[PDB]
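Residues per chain, in single letters:
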Amino acid sequence: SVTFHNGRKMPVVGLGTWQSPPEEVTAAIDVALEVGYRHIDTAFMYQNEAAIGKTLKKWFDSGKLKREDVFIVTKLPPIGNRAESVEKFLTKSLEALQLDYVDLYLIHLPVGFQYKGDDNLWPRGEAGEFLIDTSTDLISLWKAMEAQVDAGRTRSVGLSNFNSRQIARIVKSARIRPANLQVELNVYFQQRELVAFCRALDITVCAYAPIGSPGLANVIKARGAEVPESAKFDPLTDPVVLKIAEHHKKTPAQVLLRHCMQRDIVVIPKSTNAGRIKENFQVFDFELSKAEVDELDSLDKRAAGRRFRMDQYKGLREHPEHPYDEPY
Ligand SMILES: NC(=O)c1ccc[n+]([C@@H]2O[C@H](COP(=O)([O-])OP(=O)(O)OC[C@H]3O[C@@H](n4cnc5c(N)ncnc54)[C@H](OP(=O)(O)O)[C@@H]3O)[C@@H](O)[C@H]2O)c1
């Protein structure tokens, strides 16, 4: 586990739910909690929160799992990056999860979309134009997040896909500092600089896409987008990681997760598969040498790097709070 600055502990392994359709996410969470997962990462924009709630309500009502024993993470949709809309969406998230509180609430994206509808995650105009909110003000938005911990709807609040300057701006204004930053991170994109930046401010880094995102290429092409060349790199096929995997008699995925975890970095591998779910949890048992760490450190591609880029549309790159123009 990793402990936030406010003293709350966060499990270092959680189960990602993007993209886990509700037909699959319910059984996958049943499997995850049987495995030992005590941390679930979801979001309002993933459209699986209601299914998670169904499974959680079963384990809470029936089974021997207490709510204080599980760590629930959801996020504010880019269509709510305005202080006024924050409690609306978290209230909507909570009732789908059927919980009275989440453990961690993140600003999903620095870049806001104009709210053109509650259930309209990707808003368009009279023309096919993509409705972006040029007016995203983070200081104001963050104060609404702070007000959510005071209402007890969330125990901690944090940021996702934010850069240094925007984290620094928020923390220097923060009545309650960010508890967690969730950015893309794996051995091909280790984010050395941003982790050390956050650790200096006692901000814990949760790593999404920790074993690379193999499904993502097919997902980017499913949406109207172009598959980046960094998405053509599989860190589970890399010979370095396979060599280290045989040394420990472990699988590449667990090697990749381990490398993150021993940097005190939370990781949320996403899996529908009941075997692969179990596979990614059996990772608290082995320690990586100081020498295999540096072979894994050599694998880092730093900038680009990113497969989860934010350059699909002109107005999105040109939005004043675009995080990936800065070095980190
Ligand atoms: N902007 C954001 O904040 C953002 C965006 C996207 C995702 N995320 C977070 O990251 C989580 C997903 O991360 P990801 O799925 O992008 O990265 P990833 O988990 O590293 O890639 C997961 C993919 O690899 C497969 N896989 C999972 N465990 C495996 C294993 N042990 N061995 C081999 N293959 C395995 C899965 O296939 P099966 O499903 O068939 O197992 C899935 O397609 C999401 O739930 C979300 O919480 C955050």
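About the cut-offs
Residues numbered from 1 in each chain as written, not as in the entry; some residues may be left out. Heavy atoms only, no water. Residues with missing side-chain atoms left out of burial classes, pairs and counts. Salt bridge = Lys/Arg side-chain N within 4 Å of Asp/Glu carboxyl O. Helix = DSSP H or I, 4+ residues; strand = E, 2+ residues; numbered from the N terminus. Buried < 20%, exposed > 50% of the residue type's maximum accessible area, 1.4 Å probe, protein only. Axes fitted to C-alpha atoms, helices over the stretch in contact; angles between N-to-C directions. Left-handed = near helix turned anticlockwise from the far one by under 90°. Contact = heavy atoms within 4.5 Å. Pairing = 2+ DSSP bridges. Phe/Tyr/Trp six-rings, centres within 6.5 Å; stacked < 30°, edge-to-face > 60°. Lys NZ or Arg CZ within 6 Å of the ring centre and 35° of its normal.

- Judging from the entry metadata, X-ray crystallography is the method by which this structure was determined, and 2.8500 Å is the reported resolution.

## Overview of the pattern of salt bridges
Here comes step 1: One pass over the full model with this rule turns up 9 salt bridges.
Here comes step 2: Salt-bridge contacts for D41 lead to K75; the nearest nitrogen and oxygen are separated by 2.8 Å. Taken together, the residues span a long stretch of sequence, with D41 in strand β4 (residues 39-41) and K75 in strand β5 (residues 71-76) at a distance of 34 residues. In this pair, the class of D41 matches that of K75, namely buried.

## Description of the packing of helix α1 (residues 22-35) against helix α2 (residues 49-61)
Here comes step 1: Viewed as axis vectors pointing N to C, α1 and α2 meet at an angle of 35 degrees, and their least axial separation amounts to 8 Å. As for how α1 packs across α2, the hand of that crossing is right-handed. In this structure, α1 contributes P22, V25, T26, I29, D30, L33 and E34 to the contact, and α2 contributes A51, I52, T55, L56 and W59.

## A short note on the sheet that holds strand β10 (residues 180-184)
Here comes step 1: Pairing is parallel in the open sheet, where 8 strands are placed in the order β3-β4-β5-β6-β9-β10-β11-β12. One side of each edge strand has no neighbouring strand; the edge strands of this open sheet are β3 (15-16) and β12 (266-267).
Here comes step 2: Bridge count between β3 and β4: 2 bridges; the pairing is parallel. Each residue of the ladder has a partner; that of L15, found in β4, is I40.

## A short note on the packing of aromatic side chains
Each aromatic ring pair is characterised by the separation of its centres together with the angle its planes make.
Here comes step 1: Counted according to the given criterion, the structure contains 14 aromatic pairs.
Here comes step 2: One aromatic cluster is present, built from ring pairs that chain together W18, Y46, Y208 and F308.
Here comes step 3: Positioned over the ring face of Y324 is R306, at 3.8 Å from the centre of the ring.

## A word on the side chain of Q254
Here comes step 1: Among the secondary structure elements, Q254 is positioned in helix α9 (residues 252-261).
Here comes step 2: According to the relative accessible area criterion, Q254 is buried, its value standing at 5%.
Here comes step 3: With near-sequence residues (within four places) excluded, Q254 lies in contact with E279, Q282, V283 and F286.

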